[PDB]
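Let me begin by presenting the structure, written as structure tokens, before commenting on it.
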Amino acid sequence: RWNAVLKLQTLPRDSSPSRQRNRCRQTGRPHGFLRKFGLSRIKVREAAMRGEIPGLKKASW
Amino acid sequence: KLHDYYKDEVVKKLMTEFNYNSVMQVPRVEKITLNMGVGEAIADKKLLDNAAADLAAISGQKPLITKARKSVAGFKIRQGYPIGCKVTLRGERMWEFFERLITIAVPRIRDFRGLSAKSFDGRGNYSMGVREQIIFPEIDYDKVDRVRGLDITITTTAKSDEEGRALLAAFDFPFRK
Amino acid sequence: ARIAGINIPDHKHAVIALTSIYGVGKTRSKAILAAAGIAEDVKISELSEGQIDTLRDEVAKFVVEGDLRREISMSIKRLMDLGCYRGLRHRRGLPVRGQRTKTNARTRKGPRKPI
Amino acid sequence: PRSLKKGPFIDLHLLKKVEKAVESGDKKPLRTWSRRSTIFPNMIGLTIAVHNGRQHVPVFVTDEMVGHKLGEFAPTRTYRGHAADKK
RNA sequence: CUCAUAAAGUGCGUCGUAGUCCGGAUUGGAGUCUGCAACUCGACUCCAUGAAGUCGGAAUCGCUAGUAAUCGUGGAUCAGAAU
Numbered sequence: 040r041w042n043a044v045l046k047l048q049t050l051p052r053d054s055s056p057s058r059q060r061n062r063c064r065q066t067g068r069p070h071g072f073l074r075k076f077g078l079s080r081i082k083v084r085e086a087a088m089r090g091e092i093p094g095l096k097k098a099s100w
Numbered sequence: 002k003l004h005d006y007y008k009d010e011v012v013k014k015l016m017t018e019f020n021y022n023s024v025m026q027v028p029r030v031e032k033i034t035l036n037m038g039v040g041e042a043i044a045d046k047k048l049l050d051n052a053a054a055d056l057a058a059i060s061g062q063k064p065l066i067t068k069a070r071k072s073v074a075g076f077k078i079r080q081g082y083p084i085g086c087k088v089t090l091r092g093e094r095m096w097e098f099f100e101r102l103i104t105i106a107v108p109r110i111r112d113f114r115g116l117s118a119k120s121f122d123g124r125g126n127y128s129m130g131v132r133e134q135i136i137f138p139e140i141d142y143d144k145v146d147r148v149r150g151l152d153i154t155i156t157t158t159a160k161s162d163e164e165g166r167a168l169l170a171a172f173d174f175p176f177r178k
Numbered sequence: 001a002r003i004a005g006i007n008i009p010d011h012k013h014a015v016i017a018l019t020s021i022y023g024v025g026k027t028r029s030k031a032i033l034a035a036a037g038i039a040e041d042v043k044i045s046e047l048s049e050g051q052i053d054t055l056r057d058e059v060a061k062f063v064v065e066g067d068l069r070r071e072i073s074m075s076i077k078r079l080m081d082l083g084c085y086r087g088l089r090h091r092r093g094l095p096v097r098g099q100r101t102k103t104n105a106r107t108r109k110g111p112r113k114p115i
Numbered sequence: 001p002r003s004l005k006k007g008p009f010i011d012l013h014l015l016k017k018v019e020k021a022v023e024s025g026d027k028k029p030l031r032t033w034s035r036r037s038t039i040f041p042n043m044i045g046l047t048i049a050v051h052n053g054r055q056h057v058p059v060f061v062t063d064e065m066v067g068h069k070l071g072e073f074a075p076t077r078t079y080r081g082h083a084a085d086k087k
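Chains as they are written, first to last, in PDB author numbering: chain AN, 40 to 100; chain BD, 2 to 178; chain AM, 1 to 115; chain AS, 1 to 87.
What follows is the structure in structure tokens.
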């Protein structure tokens with residue numbers, strides 16, 4: 040929820056600055072993200088196929 | 002024994018606090034019909050043997066094999082086929098089989114319930130629902146082949162749902178709500 | 001021989017002889033025979049009168065027959081009286097569609113059937 | 001002509017909390033406004049309240065309910081069913 | 001380190017056609033999971049049920065020595081449903 044995404048709040052609660060987690064930027068999924076892009080595993084793929092992600096290419100075999 | 006008090010003592014009491022009328026009408030004699038479980042279909046030329054052979058142990062005399070009235074109708078029926086087979090009699094007998102039936106052996110089955118659903122609705126003839134395996138004090142525990150399970154009825158001339166069943170729960174239990 | 005809800009397991013091994021009861025099966029067969037101490041390779045016609053007795057009392061304590069089926073009916077009636085699609089699914093007498101089914105639908109049903 | 005392929009629509013809000021209550025079992029009935037979302041596993045056993053436009057109605061999610069939208073179990077209109085309303 | 005148990009063989013026992021734990025279909029109940037989902041489309045199996053058969057109408061197909069019939073396993077394609 041817009042409330043759960045409290046990560047956006049620079050100043051954390053009673054917890055130390057370590058409280059700040061991550062949260063995806065496109066979908067906002069805290070589950071599996073990718074620091075480098077800051078996007079979730081389900082967004083990095085959709086963004087990859089579209090080609091909106093520069094330098095990124097689908098590995099072949 | 003415990004059966005005479007129900008026609009002189011526990012009959013006026015159940016007609017004073019919630020009735021206000023005369024003495025009769027509530028509840029007599031008259032024979033009580035005891036039907037048998039449909040023997041047709043189950044098997045072929047047999048069962049009739051083991052029949053009347055077990056229905057003559059709990060009571061006296063032997064059932065009679067009577068046919069219907071020779072009059073073909075809109076159904077598969079021939080002329081001269083033993084069907085029904087019913088025999089009911091009394092005089093003073095139908096009074097004890099209301100004692101050794103609902104006192105001992107019960108509760109003493111194996112998985113008896115206790116709560117019964119509203120049998121009848123706007124009549125007098127109640128209902129029942131017993132399984133195939135029963136344990137009675139007047140039956141051998143090991144020598145009877147093919148367990149039999151016959152229902153139990155009771156004819157009454159009531160006029161309302163209430164005012165009745167108050168006499169049934171006067172000796173025949175259990176019966177929770 | 002007689003055991004629970006009228007069962008006639010004749011000419012069979014003490015094992016499956018019980019695997020014919022809507023209540024007990026294979027697993028219950030080996031356990032019941034091991035608890036009562038009975039050979040699983042003996043026919044029902046070779047079983048003593050004392051072995052069957054100890055087999056009826058132990059198997060007696062179980063859930064089977066009508067009393068169980070009624071519980072199933074009630075379980076299908078409870079969700080049927082409510083506004084659950086599953087309950088209406090059991091009936092299937094409800095509209096399978098998108099037009100109405102109550103009336104004007106003989107083009108798919110055909111001649112009016114008896115109620 | 002339904003369609004979901006691999007892109008189900010689960011309002012990011014009613015999906016983040018439903019997962020938060022998964023920390024240790026489930027949580028008491030919740031309330032959501034967007035019924036456009038679709039029911040899924042994580043929401044099994046929980047009691048989500050959909051907004052019919054006036055109030056929130058408790059909808060006990062079930063495995064058999066998975067796949068359908070919350071709005072499908074939240075009737076908009078209200079028909080008294082003018083009758084003995086039996087069954 | 002794991003997928004792996006190779007299946008069969010080898011040794012032993014059961015059985016010889018009685019719907020008998022032989023044969024396992026079908027069906028009821030419970031239940032895990034891959035998957036954002038599996039009512040229609042799943043795999044598997046706990047629990048119970050447990051039929052058709054004792055080599056099956058008119059016709060028709062593959063095969064000749066480690067071959068036929070039969071059983072199990074791996075891989076290519078592939079995020080993922082490969083009888």
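Where a beta carbon is used, it is the ideal one built from N, C-alpha and C, also for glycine.
*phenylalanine 72(AN) to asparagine 42(AS), Cα distance in whole Å?*
20 angstroms
*Taking a cut of 8 angstroms between CB atoms, which residues from the stretch 78-107 of chain AM lie near chain AS?*
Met80, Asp81 and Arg86
*Residues in its own chain within less than 8 angstroms of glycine 125(BD) by CB, not counting five upstream and five downstream?*
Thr156, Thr157, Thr158, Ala159 and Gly165
_Per DSSP, cross-strand counterpart(s) of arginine 177(BD)_ = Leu116(BD)
*asked:* For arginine 40(AN), would you say it is in contact with chain AS, using Cβ-to-Cβ distances shorter than 8 angstroms as the test?
replied: yes
*For chain AM, find out if any of its Cβ atoms is closer than 8 angstroms to the Cβ of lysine 69(AS); answer yes or no.*
no
*Applying a beta-carbon distance threshold of less than 8 angstroms, which residues of chain AS neighbour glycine 67(AN)?*
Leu12 and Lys16
*Report the residue from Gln62(BD), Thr67(BD) and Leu15(BD) whose alpha carbon sits nearest the alpha carbon of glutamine 26(BD).*
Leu15(BD)
*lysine 20(AS) touches chain AN at which residues, Cβ-Cβ below 8 angstroms?*
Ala43
_Cβ-Cβ distance between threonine 89(BD) and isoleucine 33(BD) below 8 angstroms_ = yes
*Taking 8 angstroms as the CB-CB limit, is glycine 66(AM) close to chain BD?*
yes
_Where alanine 49(AS) falls: helix, strand or coil (DSSP)_ = strand
*Would you report the Cα separation of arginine 28(AM) and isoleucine 3(AM), rounded to the nearest angstrom?*
14 angstroms
*Let me know the secondary structure DSSP gives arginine 31(AS) once reduced to three states.*
strand
_Please give the ranges of any alpha helix (DSSP H) in the stretch 57-102 of chain AM, keeping only runs that are unbroken, at least 4 residues long and fully inside the region._
66-78 and 85-91
*Closer than 8 angstroms, Cβ to Cβ, to anything on chain AM: give me those residues from the stretch 38-69 of chain BD, in chain order.*
none
_Validate contact between the stretch 22-32 of chain AS and the stretch 45-53 of chain AS using beta carbons, cut 8 angstroms, 3 pairs_ = yes
_chain AM contact residues for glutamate 64(AS), given Cβ-Cβ distances below 9 angstroms_ = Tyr85 and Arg86
*Pull up the distance between the alpha-carbon of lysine 144(BD) and that of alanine 1(AM), whole angstroms please.*
11 angstroms
_DSSP three-state label for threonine 66(AN), please._
coil
*Delimiting residues of the beta strand (DSSP E) encompassing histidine 4(BD)*: Taken as a continuous stretch (DSSP letters only), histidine 4(BD) belongs to no beta strand (DSSP E), as it is neither H nor E.
*asked:* For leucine 49(BD) and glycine 38(BD), what's the separation of their Cα atoms in angstroms?
replied: 11 angstroms
*Using CA coordinates, which residue listed in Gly67(AS), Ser24(AS) and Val57(AS) is at the minimum distance from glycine 7(AS)?*
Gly67(AS)
_As assigned by DSSP and simplified to three states, the class of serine 79(AN)_ = strand
*Please look up how many angstroms separate the CB atoms of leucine 55(AM) and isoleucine 38(AM), rounded, as I've assumed it's under 8 angstroms.*
7 angstroms
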